[PDB]
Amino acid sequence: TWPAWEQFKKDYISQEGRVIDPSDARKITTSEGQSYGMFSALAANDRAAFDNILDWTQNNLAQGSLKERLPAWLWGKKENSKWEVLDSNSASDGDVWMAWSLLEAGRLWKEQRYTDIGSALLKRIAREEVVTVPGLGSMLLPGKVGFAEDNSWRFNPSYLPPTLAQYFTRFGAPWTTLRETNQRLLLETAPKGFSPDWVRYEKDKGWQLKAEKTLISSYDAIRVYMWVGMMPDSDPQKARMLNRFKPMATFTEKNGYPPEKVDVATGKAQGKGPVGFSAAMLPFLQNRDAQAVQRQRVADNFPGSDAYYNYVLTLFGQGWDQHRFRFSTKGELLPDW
């Protein structure tokens, strides 16, 4: 039993298996939310929840089958009292977490059905939202449509955790190249030690790292530091990424909290991140004292029932801090069941 996960289910997961953000008047579900629910259910050894969440996802986000289409990213209440897909575009972070969770569920629970669905999903991600970018090679787009145009692409460094990238390499191309190009994305777009929420690449011109509105480390990029922290200590990439992002650790150590927003071009930080940002620091911070300062903030300000975003970050970050799961050197789940 994973008590925070139990309370999460009560607060945020319907009997029909949908993960809900109640802060929104539309009471929305996302493919990302479904995928985190599935990951957490697998981590908890909660097969009933996993199945129910998978069922709702296939029926409501994938018109019956994840084998046939990437899940719609956004679902919720329309103006006419109707509940339905609100945006049919995909969000590839949901897609990859969802594929990984299915493949690992298939392996760990010895159910071929999960493997089959996870495999078909993963292949479709590769077909439909991976593209070859001149100068980079294979890249993972943030979604099926809207992130690529002639000679320009937009990426989200938080979308592919290095542990997942490692895992997928077992499936060959394009995942073998994507592991390396994902490293390039993380390392080359943080000139001042802070990863951007969003970043563009232009053919020949390269990364676009001059100051602009979304080139900041805030609500998306906070996950980058957390994914790096979750890498196994043995992995030599980890050291390299810890070094790159050291200025985030340094700010948090010095100030006693992570910032809300950091200008990626200048390194200038503003504001104080919410409790979920402190949870994200838990795997990332290597200093025992600084980690304990963040641990206290999460413990004393633990997210309630109307704090979906912070609760999601807390499941991952405090979850890791309490050994609720680990990742192997091959990106597999090492469950704590």
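Don't overthink the numbering: it's just position in the shown sequence, from 1.
Stretches compared: 60-68, 285-293. Higher mean C-alpha B-factor in the entry: 60-68. Averaged over their C-alpha atoms, the temperature factors of 106-114 and 133-141 are higher for 106-114. Note on 202, 93, 197, 150: the highest value goes to 150, judged by CA B factor as recorded. Per the PDB record, 265 has a higher Cα B-factor than any other of 221, 164, 265, 231. In the PDB entry, residue 16 places in the highest third of its chain by CA B-factor. In this PDB entry, the Cα temperature factor of residue 247 sits in the middle third of its chain's modelled residues. Annotation for residue 258: C-alpha temperature factor in the lowest third relative to the rest of the modelled chain, per the entry. In the PDB entry, residue 313 places in the lowest third of its chain by CA B-factor.
The PDB entry assigns residue 271 a C-alpha temperature factor belonging to the highest third of its chain's modelled residues.
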